[PDB]
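Q: Any chance you can model this:
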Amino acid sequence: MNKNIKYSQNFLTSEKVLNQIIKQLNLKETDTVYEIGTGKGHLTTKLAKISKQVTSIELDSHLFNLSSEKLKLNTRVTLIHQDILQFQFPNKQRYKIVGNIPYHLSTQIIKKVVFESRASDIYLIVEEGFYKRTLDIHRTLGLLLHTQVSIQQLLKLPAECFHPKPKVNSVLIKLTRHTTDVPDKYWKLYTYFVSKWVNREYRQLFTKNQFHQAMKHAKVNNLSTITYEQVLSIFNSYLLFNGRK
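A: Numbering: from 1, shown residues only. Sure, the structure comes next:
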């Protein structure tokens with residue numbers, strides 16, 4: 001009726017939606033709980049309640065804010081200041097790096113941590129096209145960071161709590177930083193393989209439609225949606241016929 005929403009106000013009011021996916025992560029305990037990105041003001045200290053290793057990478061509202069670590073405050077609680085990446089990303093054991101993306105820079109941190117860290121459970125919360133830049137190995141960027149992490153879109157928010165009229169959709173990508181699907185040696189050989197297999201060098205990588213038949217066999221008609229799993233096998237075959245495997 002008369003209602004009253006004809007002004008110019010906008011709020012995220014999504015403390016339940018985003019706080020939901022982070023509260024549903026449900027970790028084990030041997031997986032640290034890192035939260036990279038920016039500093040909203042409602043998380044991190046709580047994300048620690050899950051595991052026994054918490055540490056803030058941005059803003060100084062963590063550590064001294066954690067309401068007395070119920071863990072006897074004698075585990076991994078540390079506050080970083082300025083440059084980080086090689087300052088926090090540790091090694092050995094398991095971790096849960098759940099951080100969003102500033103939307104202006106991040107692939108760099110996800111690059112070193114995914115290049116030598118053992119996150120195992122990395123959750124990147126982004127809103128725009130970062131999740132698509134990964135599943136899309138047709139850019140060599142998501143593929144380079146895909147062979148080291150098995151991602152699986154799980155949560156998807158169209159920004160309903162983003163009043164009045166949202167614009168972007170923030171989703172949670174369940175990345176799984178594992179060992180490596182491609183031998184670091186044939187890894188550089190893998191990216192290139194993608195390059196030509198991206199633009200349209202299918203008749204160039206195939207000696208005579210032989211691999212083409214391997215594509216139809218893998219129900220991989222259109223690889224445009226392909227995530228990277230196919231390029232992993234398809235290429236693996238080229239690696240067994242040439243001599244780089």
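Q: Residue 85 against residue 114, yeah?
A: No. Counting by C-beta atoms under 8 Å, residue 85 does not reach residue 114; the two are 11.4 Å apart. C-beta coordinates here come from the backbone N, C-alpha and C atoms, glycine included.
Q: gap between the residue positioned nearest the centre of the chain and residue 224?
A: Nearest to the geometric centre of the chain sits residue 124, at 4.0 Å (C-alpha atoms, centre = their mean). Computed with C-beta to C-beta, to the nearest Å, the distance linking residue 124 and residue 224 is 22 Å.
Q: Report the buried residues of the lengthiest helix in the chain.
A: Longest helix in the chain, counting residues (DSSP state H): helix 184-199. By neighbour count on 16 or more other C-beta atoms under 10 Å, the buried set for helix 184-199 is 189, 190, 191, 193, 194, 197, 198.
Q: That helix: what's the following helix or strand?
A: helix 202-205 (DSSP states H and E).
Q: CA atoms only: put that next one into CSV for me.
A: Output in CSV follows, covering the C-alpha atoms of helix 202-205 (Å, rounded to 0.1, in the frame of the first residue of the first chain):
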residue,chain,number,x,y,z
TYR,A,202,41.9,-28.2,-32.5
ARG,A,203,43.0,-29.3,-36.0
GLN,A,204,46.6,-28.3,-35.0
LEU,A,205,46.8,-30.4,-31.8
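Q: circling back: name the nearest residue to the residue nearest to the centre of the chain, sequence neighbours excluded.
A: Among residues not flanking residue 124 along the chain, residue 173 sits closest, at 5.0 Å (C-beta to C-beta, 6 or more residues apart in numbering).
Q: follow-up on the earlier one: which one of residue 85 and residue 114 is surrounded by more residues?
A: residue 114 (23 against 16; other C-beta atoms under 10 Å).
Q: So if we follow the domain assignment, how does this protein break up?
A: Per the record, the chain has its domains at 1-133+148-179, 134-147+180-245, by curated CATH domains.
Q: Pairing partners for the one helix or strand the residue nearest to residue 124 maps to, with directions?
A: Per DSSP H and E, residue 173 falls inside strand 170-175. Strand 170-175 has the following strand partners under DSSP bridges: strand 120-127 (antiparallel), strand 153-157 (antiparallel).
Q: For the shortest one, buried residues please.
A: Applying a neighbour-count criterion of 16+ other C-beta under 10 Å, one finds 155, 157 buried in strand 153-157.
Q: So which residues make contact with that strand?
A: The contact list for strand 153-157 (C-beta atoms under 8 Å, 6 or more residues apart in numbering) reads 14, 17-18, 20-21, 24, 127, 131, 135, 169-174.
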